[PDB]
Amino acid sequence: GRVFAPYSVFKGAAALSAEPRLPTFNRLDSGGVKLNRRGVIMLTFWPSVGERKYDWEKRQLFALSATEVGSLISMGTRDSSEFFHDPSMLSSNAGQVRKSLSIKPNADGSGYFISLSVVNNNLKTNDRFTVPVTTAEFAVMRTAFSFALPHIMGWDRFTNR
(Lines of atoms letter the chains of each structure in order from A and count residues from 1; the text may use other names and numbers.)
(Lines give C-alpha, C1' and ligand atoms only; values in the text may rest on other atoms or scores of the structure.)
Protein backbone atom coordinates (compact mmCIF):
# COMPACT_ATOMS: atom_id res chain seq x y z
CA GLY A 1 0.00 0.00 0.00
CA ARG A 2 0.93 3.66 -0.39
CA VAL A 3 2.29 5.87 2.39
CA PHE A 4 1.68 9.54 3.19
CA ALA A 5 4.34 11.02 5.47
CA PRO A 6 5.13 14.43 3.95
CA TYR A 7 7.55 16.91 5.44
CA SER A 8 5.53 20.10 5.18
CA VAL A 9 6.52 23.72 5.78
CA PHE A 10 3.80 26.38 5.95
CA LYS A 11 4.48 30.09 5.42
CA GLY A 12 2.81 33.36 4.42
CA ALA A 13 2.05 33.11 0.70
CA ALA A 14 2.40 29.38 0.05
CA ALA A 15 3.10 25.97 1.59
CA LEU A 16 5.84 23.47 0.75
CA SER A 17 5.69 19.68 0.95
CA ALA A 18 8.26 16.96 0.27
CA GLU A 19 8.03 13.17 0.15
CA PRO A 20 9.89 10.40 -1.75
CA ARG A 21 8.48 8.43 -4.67
CA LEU A 22 10.20 5.05 -4.79
CA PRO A 23 11.44 3.45 -8.02
CA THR A 24 9.48 0.85 -9.97
CA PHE A 25 11.13 -2.49 -10.67
CA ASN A 26 10.55 -5.19 -13.28
CA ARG A 27 11.26 -8.81 -12.48
CA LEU A 28 13.31 -10.22 -15.34
CA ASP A 29 12.68 -13.67 -16.77
CA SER A 30 16.19 -14.58 -15.61
CA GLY A 31 14.92 -14.22 -12.04
CA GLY A 32 16.73 -11.03 -11.09
CA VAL A 33 15.17 -7.58 -10.87
CA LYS A 34 15.76 -4.38 -12.85
CA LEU A 35 15.04 -0.78 -11.89
CA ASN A 36 12.57 0.66 -14.39
CA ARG A 37 11.17 4.10 -13.58
CA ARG A 38 13.54 6.05 -11.34
CA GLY A 39 12.40 7.36 -7.97
CA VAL A 40 12.27 11.04 -7.05
CA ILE A 41 11.72 13.43 -4.17
CA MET A 42 8.35 14.94 -5.03
CA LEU A 43 7.89 18.62 -4.19
CA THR A 44 4.41 20.10 -3.91
CA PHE A 45 3.47 23.77 -3.64
CA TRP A 46 0.13 25.44 -2.92
CA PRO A 47 -1.11 28.99 -2.09
CA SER A 48 -2.81 30.50 0.96
CA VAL A 49 -6.45 31.54 0.54
CA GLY A 50 -6.99 33.37 3.83
CA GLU A 51 -5.24 33.79 7.18
CA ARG A 52 -3.33 30.51 7.47
CA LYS A 53 -5.64 28.53 5.18
CA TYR A 54 -4.24 27.09 1.97
CA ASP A 55 -5.66 26.15 -1.42
CA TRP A 56 -4.88 22.50 -2.12
CA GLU A 57 -6.65 22.81 -5.46
CA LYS A 58 -4.03 25.13 -6.94
CA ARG A 59 -1.06 22.88 -6.19
CA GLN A 60 1.94 22.40 -8.47
CA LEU A 61 4.41 19.50 -8.41
CA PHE A 62 8.15 19.29 -9.04
CA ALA A 63 10.05 16.00 -9.07
CA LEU A 64 13.67 16.13 -7.90
CA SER A 65 15.95 13.60 -9.58
CA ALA A 66 18.78 11.76 -7.85
CA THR A 67 21.30 14.24 -9.21
CA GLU A 68 19.21 17.28 -8.26
CA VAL A 69 18.91 15.88 -4.75
CA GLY A 70 22.68 15.51 -4.74
CA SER A 71 22.92 19.16 -5.73
CA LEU A 72 20.54 20.34 -3.01
CA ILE A 73 22.29 18.51 -0.16
CA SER A 74 25.74 19.63 -1.27
CA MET A 75 24.73 23.30 -1.13
CA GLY A 76 26.84 25.52 1.09
CA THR A 77 25.13 28.39 2.90
CA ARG A 78 26.20 30.86 0.21
CA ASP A 79 25.01 28.68 -2.69
CA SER A 80 22.07 28.90 -5.08
CA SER A 81 20.69 26.67 -7.83
CA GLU A 82 17.95 26.57 -10.46
CA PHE A 83 16.32 23.55 -12.12
CA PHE A 84 14.27 23.61 -15.33
CA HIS A 85 11.70 20.93 -16.14
CA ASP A 86 9.33 20.27 -19.02
CA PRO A 87 6.67 17.89 -17.63
CA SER A 88 5.83 16.62 -21.12
CA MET A 89 9.33 16.17 -22.53
CA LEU A 90 9.60 13.73 -25.46
CA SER A 91 5.81 13.84 -25.70
CA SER A 92 3.27 15.16 -28.23
CA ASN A 93 2.93 18.43 -26.32
CA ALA A 94 6.44 19.49 -25.27
CA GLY A 95 7.58 23.08 -24.73
CA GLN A 96 4.02 23.96 -23.74
CA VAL A 97 4.55 23.83 -19.98
CA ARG A 98 7.75 25.01 -18.29
CA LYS A 99 8.67 24.53 -14.64
CA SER A 100 11.61 26.03 -12.79
CA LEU A 101 12.63 25.48 -9.19
CA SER A 102 15.03 27.91 -7.54
CA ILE A 103 16.94 27.77 -4.27
CA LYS A 104 18.64 31.02 -3.28
CA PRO A 105 20.14 31.97 0.07
CA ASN A 106 18.48 34.96 1.70
CA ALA A 107 20.46 38.06 2.69
CA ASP A 108 20.45 37.37 6.44
CA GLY A 109 21.81 33.86 5.95
CA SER A 110 18.78 32.68 7.89
CA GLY A 111 18.23 29.94 5.33
CA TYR A 112 16.99 30.04 1.75
CA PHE A 113 14.10 30.99 -0.49
CA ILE A 114 12.55 28.20 -2.52
CA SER A 115 10.15 29.13 -5.28
CA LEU A 116 8.37 27.17 -7.99
CA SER A 117 7.57 28.83 -11.29
CA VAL A 118 5.10 27.17 -13.64
CA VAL A 119 4.40 28.70 -17.05
CA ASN A 120 1.64 27.07 -19.08
CA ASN A 121 1.37 28.15 -22.72
CA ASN A 122 -1.62 25.86 -23.30
CA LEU A 123 -3.78 27.29 -20.53
CA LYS A 124 -2.14 30.71 -20.71
CA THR A 125 -1.32 30.65 -16.99
CA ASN A 126 1.69 31.85 -15.01
CA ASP A 127 2.04 30.53 -11.47
CA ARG A 128 4.74 31.12 -8.86
CA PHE A 129 4.93 29.85 -5.28
CA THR A 130 7.69 31.06 -3.00
CA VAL A 131 8.41 29.58 0.42
CA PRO A 132 11.03 30.71 2.99
CA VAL A 133 13.07 27.91 4.53
CA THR A 134 14.98 28.42 7.78
CA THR A 135 18.35 26.80 8.38
CA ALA A 136 16.74 24.16 10.59
CA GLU A 137 14.02 23.34 8.04
CA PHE A 138 16.54 23.00 5.23
CA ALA A 139 18.54 20.83 7.63
CA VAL A 140 15.63 18.42 7.96
CA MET A 141 15.45 18.33 4.17
CA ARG A 142 19.18 17.79 3.73
CA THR A 143 19.16 14.91 6.24
CA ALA A 144 15.85 13.46 5.05
CA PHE A 145 16.87 13.69 1.39
CA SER A 146 20.22 12.09 2.21
CA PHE A 147 18.37 9.21 3.81
CA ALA A 148 15.98 8.82 0.90
CA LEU A 149 18.53 9.11 -1.91
CA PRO A 150 19.71 5.47 -1.71
CA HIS A 151 16.06 4.39 -1.71
CA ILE A 152 14.88 6.44 -4.68
CA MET A 153 17.92 5.03 -6.47
CA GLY A 154 16.92 1.50 -5.49
CA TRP A 155 20.17 0.84 -3.65
CA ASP A 156 18.26 -0.31 -0.58
CA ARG A 157 17.66 -3.52 -2.54
CA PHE A 158 21.33 -4.35 -2.05
CA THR A 159 21.34 -5.92 1.41
CA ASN A 160 22.98 -8.85 3.20
CA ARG A 161 19.79 -10.66 4.25
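Heads up: residue numbers just count along the shown sequence, starting at 1.
As the entry records it, the average C-alpha temperature factor is higher for 8-16, out of 8-16 and 141-149. Set 88-96 against 34-42 and average the Cα temperature factors; 88-96 ends up higher.
Sorting the modelled residues of the chain by their CA temperature factor places residue 49 in the highest third. Compared with the other modelled residues of the chain, the Cα B-factor recorded for residue 29 ranks in the highest third. In the deposited entry, the Cα temperature factor of residue 70 sits in the bottom third of values across the chain's modelled residues. Compared with the other modelled residues of the chain, the Cα B-factor recorded for residue 120 ranks in the middle third.
Ranked within its chain, residue 62 lands in the lowest third, by CA B factor from the PDB record.
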